[PDB]
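Here's the structure we're looking at; comments come further down.
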Amino acid sequence: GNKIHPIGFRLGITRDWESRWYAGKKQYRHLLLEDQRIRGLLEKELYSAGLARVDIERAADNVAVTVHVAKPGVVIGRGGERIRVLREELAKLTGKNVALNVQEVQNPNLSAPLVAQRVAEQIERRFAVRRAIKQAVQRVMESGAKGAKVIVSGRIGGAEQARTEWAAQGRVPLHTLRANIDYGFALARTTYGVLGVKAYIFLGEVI
Amino acid sequence: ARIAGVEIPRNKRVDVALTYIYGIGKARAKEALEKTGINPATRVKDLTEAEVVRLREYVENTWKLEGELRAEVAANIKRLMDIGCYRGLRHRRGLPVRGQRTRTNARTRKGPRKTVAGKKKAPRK
Amino acid sequence: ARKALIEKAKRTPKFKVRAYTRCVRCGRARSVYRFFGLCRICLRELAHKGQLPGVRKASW
Amino acid sequence: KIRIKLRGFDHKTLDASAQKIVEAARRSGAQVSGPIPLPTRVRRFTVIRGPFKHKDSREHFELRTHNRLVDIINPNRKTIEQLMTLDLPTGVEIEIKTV
Amino acid sequence: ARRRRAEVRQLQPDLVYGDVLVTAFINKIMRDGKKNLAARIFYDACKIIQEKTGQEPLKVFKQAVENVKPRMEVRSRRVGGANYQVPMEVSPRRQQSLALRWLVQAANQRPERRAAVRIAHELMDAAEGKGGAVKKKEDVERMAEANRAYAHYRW
Amino acid sequence: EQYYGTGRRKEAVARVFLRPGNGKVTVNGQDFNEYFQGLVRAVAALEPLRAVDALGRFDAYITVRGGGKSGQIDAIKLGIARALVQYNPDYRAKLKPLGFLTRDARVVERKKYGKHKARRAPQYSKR
Amino acid sequence: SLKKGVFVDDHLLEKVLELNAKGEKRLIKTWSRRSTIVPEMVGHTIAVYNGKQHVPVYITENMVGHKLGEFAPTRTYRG
RNA sequence: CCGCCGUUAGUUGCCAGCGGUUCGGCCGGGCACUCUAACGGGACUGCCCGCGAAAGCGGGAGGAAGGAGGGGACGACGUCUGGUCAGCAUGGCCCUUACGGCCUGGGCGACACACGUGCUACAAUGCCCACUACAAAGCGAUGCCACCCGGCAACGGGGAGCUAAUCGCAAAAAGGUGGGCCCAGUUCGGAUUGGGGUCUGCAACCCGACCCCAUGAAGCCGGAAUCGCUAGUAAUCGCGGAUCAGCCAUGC
């Protein structure tokens, strides 16, 4: 089951990074140090409602604090105060150049990490594996997709033994360069252990 | 060529003659052919006699050879067992002087492998 | 020994030959590229996850 | 005299910056030593599969450091002006050396 | 392999005279990527061939070549778990391939000094009709004869 | 006036500059029988103008670097074959069956991961 | 080992200073088998922590600048 | 990625072309030649001849290149109740003035046999000293160090250059001219050990590597048997870097 990361199989041109700036030798590591610590901080105290892209472009202390969220509404708060102090903690730890970017990718059934998160949410909310997953897949195909494959891996719903689970629909061609496929990895979890949700969204040929 | 302790190599190039000799390898033989003025290429069989005489007047009236060497070996090795300065303690074992690996390789400072009846191992299947 | 490995390498003892690398995003030292401050394994995880810039799937 | 090296990480957006230069460099100024490309740092990297002990089975990676160069000969007010003001080097950090 | 029938493919037609076998024999002198030294020495041996006995080095060569040429050779017939060691009217290609190989290694099985010595001398004996390579060759022909039994179990 | 050849085989660069004369076969700053001796690939470098033995009528001023000695020599060969493909392309269609145009893809296959040389794997334990 | 000098703990030195001018007890219990058996320790009982016990060695004189830990392997049994 | 040529590009390259030249691509100058890196063309049984009911087989040419032109990445559904909390999680159990946090040495380097992986050799296609040449890639700020001085050497002191196609690591070896060994457990082979220094680093005995003199043993080419390898491939020959204070570096 050596499914190399779709993103890893997208690096050539077929997918962009979540970071793109320069580093000159001895300084690279320090960047990625802070960079990642921010990233994760953003991830945690913000994830609340859909967000894949951990994107940030930079250079001379400037920071293109960038992010593709989902719902922006109540997540901006009651006037821009949720963003306020969060960006204040970013500006805190990264005492350099915060310039927030809070986006939105219209469709939930877009961007595999998102529906991935939804699927883990199904089981994290103690729900029928095969059912909820298959129907999320059909949601993918419904909204307007070219592929829908999301599988859940772990102590499936109960009873000791623990494998993955089938939820495939449509076409999922991923040996092809131009196929532009999004890949997400929802971190599913139960009281009695760990579950693994992997999401695959095929988007289109030669774009 | 009874220069040192009865060392007689013979009808070869002088330096090789000195090669088959304790206390002298290529180095001290070249510097022999230096501090004696003699030629390395010419044979030791046709070597003039006063030349060999001043050669023995070099070798024996400078450093020392086979006599003192292995003797002083056994002596400073008495020290290797004077208390057993661990290296020499390992020499008292009848085993290599270092601290390498006796788990296999030691095919020099310990004689040919002393056969054991296997023992058996652990089920690798 | 896991929580204190991180603190030894952080607080820094005395003499200069008393310092050692650490994959901060996986808390380990063996096979940790000093250029990234990340283990080959941490490098790998964030590389496959597609979050490492200036780097790529080497093809040469 | 005003010789400017170019540090960048991705080759596509790299020319777009240099072309942005090349145009406005000459356009407002004069002779600009054309886009001279500089041999990329292809930093060598290897690493195995799992967290494990299957020694073989590896995936090599690398750094793709692209660097270029732009050189001018005339002290146009406007050159200096926009072409050290009007900028967007997001993933490009440039070197500026008065030779 | 079980697919095609491989082949042999080209070699090199003597980078000085104009014939394959010369430089192919050179190929089968090679001291590990040393077409340099091996060909060098082969040609040393060639010029000394012409100087010792002055009869066309490729006449002496053709002569050694043929005089070490196994028309028939003993292989091993297919009867499952029983290899009746059966001869064959060998293809002339392998006859000459073997030939040059046997010449080389036989000249090498000498305890002389340098290469061109063993070469020129053993190639002289091989040409004439006494050589060690020729001993092996004559042996194999003789084995084709001692295998008169194996007259109808060829592959 | 001048005959240029792009002499190339396995990363060995040979700038071929031909002129009229007897054959000033200089390469990199030394005579031919000086930069390449005790080796037969030397003579084959001359082979291009030996299969069309005009040979002499060419002060053969070549330059050659990179790659490797013998490889340099061969690169030089193809270069010569391309310098006269210029002036007198009539030689092109005769040297084409001769094969003095086909370059060289007998290249250095990468040190593949897990082997001792290109195609040379470690020995089996097991037993 | 060293080049310009002979590596010796200052514990040795300092405690030698003390019990030499006074003429005190035997027993030298240094928790370090690193320092040198320099001629500055005559021939005294050296109970250094072997790794289990304090292996007391009676130095001769011909020990000289030849290292402490040289005198107790802790490796029980040999051959 | 690798090969043909094509466009722009010109502190590496460059007389290719001309002046000068401490007469060195060193100064002038050029961009077509090297190259570099984005942008392309280019091979499709498409054409020619024969053949089979078709696939397709063989032969001609053009052509850098034929008929899958060499490669890497990509490795499906699924198996193996495979392995891993000593990467990380995360589940369940057990420890909690200790299965926990620290210091000190010894150890993971033991030794009477055992396979497995590997290098070095057992020698004249040999190999020691010498004289000259051709790699490609990589790496280098308290890092790289040319060169001068110093020890016969190891290496040490001094001390110019570069965040680099401009300085440095650097010396390739294999080769080739020119010198010796004269089949000798040898001048092969360096294993083993004694007498001495170097640098690292708190520290080098047990536990670093490096150099000089002497020792120069095993070994005169490997049975049952098993490994690898389809073309720049086998073999042979060398280089950098990953971790790195140093190095166990024959590994990668």
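FYI, it's all coordinate maths here, none of it is from the lab. No Cβ is skipped: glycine too gets one built from the backbone with ideal geometry, and neighbour counts run over all protein chains shown.
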Exercise for review: Within chain A, what's the longest run with no GluC sites (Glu not before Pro) in a DSSP loop and at most 15 other beta-carbon atoms within 10 Å? Give the range, please.
Suggested key: A:46-103
Point to revise | Three-way shape label, chain E, alpha-carbon gyration tensor, a/c 1.5 | key: prolate
Point to revise | Label-point gap, in nm, between B:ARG101 and D:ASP10 - each point 7 angstrom along Cα→Cβ | key: 4.9 nm
Study note, to complete from the structure: Over the protein assembly as shown, the sum of -39500 (n - 2.57) across DSSP H runs of at least four, divided by residue number and rounded to 500 deg cm²/dmol, gives at 222 nm -10000 deg cm²/dmol
Study note, to complete from the structure: Taking the dipole of chain B about the Cα centre (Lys, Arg +1; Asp, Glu -1; charges at Cβ), the one of B:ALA29, B:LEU95, B:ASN11 that reaches farthest to the positive side is B:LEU95
Check your understanding: Where in the range B:10-82 are there chymotrypsin sites (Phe, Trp or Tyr not before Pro) that are in a DSSP coil and have at most 14 other Cβ atoms within 10 angstrom of their Cβ?
Key -> B:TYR20, B:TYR22, B:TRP63
Point to revise | Derived scalar couplings ³J(HN,Hα) [the range A:137-143; Karplus, 6.51 cos²θ - 1.76 cosθ + 1.60; whole Hz; x for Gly, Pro] | key: 4, 4, 5, 3, 5, 6, 4
Check your understanding: Can you list residues whose amide H is under 5 Å from A:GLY154's amide H, if they're 5+ apart or on another chain and H is modeled 1.01 Å from N?
Key -> A:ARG163, A:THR164, A:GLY196
Review point. Sequence-distant or interchain residues sharing an amide H contact under 5 Å with D:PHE45, placed H: which?
Key: D:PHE61
Point to revise | Under the Karplus curve 6.51 cos²θ - 1.76 cosθ + 1.60, θ = phi - 60°, whole-Hz ³J(HN,Hα) for the range D:4-14, x wherever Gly or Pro sits | key: 10, 6, 9, 8, x, 9, 10, 5, 5, 4, 5
Review point. Taking +1 at the Cβ of each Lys and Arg and -1 at the Cβ of each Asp and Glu, which of A:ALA159, A:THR66, D:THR65 sits farthest along the dipole of the protein assembly as shown towards its positive end, judged by Cα position relative to the Cα centre?
Key: A:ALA159
Check your understanding: Near the amide H of G:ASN50, under 5 Å away, which other amide H atoms are found, from residues 5 or more places off or on another chain, if H is placed in the peptide plane?
Key -> G:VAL55
Study note, to complete from the structure: Expected integer from the mean partner chain Cβ neighbour count at 10 Å over D:81-93 is 3
Check your understanding: Any idea how far the Cα center of the range A:125-197 sits from the one of the range D:20-99, in Å?
Key -> 41 Å
Review point. Rounded if a/c is under 1.5, else prolate if a/b is larger than b/c, else oblate: which is the protein assembly as shown, with a ≥ b ≥ c the root eigenvalues of its Cα gyration tensor?
Key: oblate
Review point. At a Förster distance of 51 Å, what's the computed FRET efficiency of E:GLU112 paired with D:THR40, Cβ-Cβ distance as r, to 0.05?
Key: 0.35
Point to revise | All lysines inside 21 Å of A:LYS26 as judged from Cα atoms, apart from same-chain residues fewer than 8 positions distant | key: A:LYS96, C:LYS10, C:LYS16, D:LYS5
Check your understanding: If we count chymotrypsin sites (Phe, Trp or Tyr not before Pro) as exposed when they sit in a DSSP loop and have at most 15 other beta carbons within 10 Å, what is the longest stretch of chain G that avoids them all?
Key -> G:32-76
Review point. Nearest 20 debye, what's the magnitude of the dipole of the protein assembly as shown about its Cα centre given +1 on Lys and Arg Cβ and -1 on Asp and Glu Cβ?
Key: 3600 debye
Exercise for review: Please name whichever of C:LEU5, C:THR21, C:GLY54 sits farthest to the positive end of the charge dipole of chain C, dipole taken about the Cα centre and charges placed at Cβ: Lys and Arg +1, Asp and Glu -1.
Suggested key: C:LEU5
**Study point:** Set of the range B:56-72 residues, backbone N closer than 19 Å to the point 7 Å along the Cα-Cβ line of B:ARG2
**Key:** B:56-61, B:65-68
Review point. In chain G, what is the count of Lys pairs whose alpha carbons are under 28 Å apart, counting only pairs at least 8 residues apart or on separate chains?
Key: 16
Check your understanding: So what J values fall out for the range E:11-20 if you push phi through Karplus, 6.51 cos²θ - 1.76 cosθ + 1.60 with θ = phi - 60°, rounded to Hz, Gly and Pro as x?
Key -> 10, 8, x, 6, 5, 10, 9, x, 8, 4
**Study point:** Relative contact order computed over the range A:16-106 (Cα-Cα under 8 Å; 6+ residues apart), in percent
**Key:** 29 percent
Revision key, fill the gap. Per residue of F:37-43, other chain Cβ atoms within 10 Å number on average 4
Check your understanding: Say a site is exposed when it is one of the trypsin sites (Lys or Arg not before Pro), sits in a DSSP loop, and has at most 14 other Cβ atoms within 10 Å; what is then the longest site-free stretch of chain C?
Key -> C:35-60
Review point. Under unit Cβ charges (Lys, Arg +1; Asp, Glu -1), what dipole magnitude, rounded to 20 debye, does the range A:1-153 have relative to its Cα centre?
Key: 520 debye
Review point. Which whole number gives the average, over all residues in A:17-30, of C-beta atoms from other chains lying within 10 Å of the residue C-beta?
Key: 6
Point to revise | Student exercise, chain C dipole from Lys, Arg, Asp, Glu Cβ charges, in Debye to nearest 20 | key: 260 debye
**Study point:** Computed over chain B: relative contact order in percent, which uses C-alpha pairs under 8 Å that are six or more apart
**Key:** 17 percent
Study note, to complete from the structure: Rounded to one decimal in nm, the spacing of the 7 Å Cα→Cβ label points at B:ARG54 and D:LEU86 is 9.2 nm
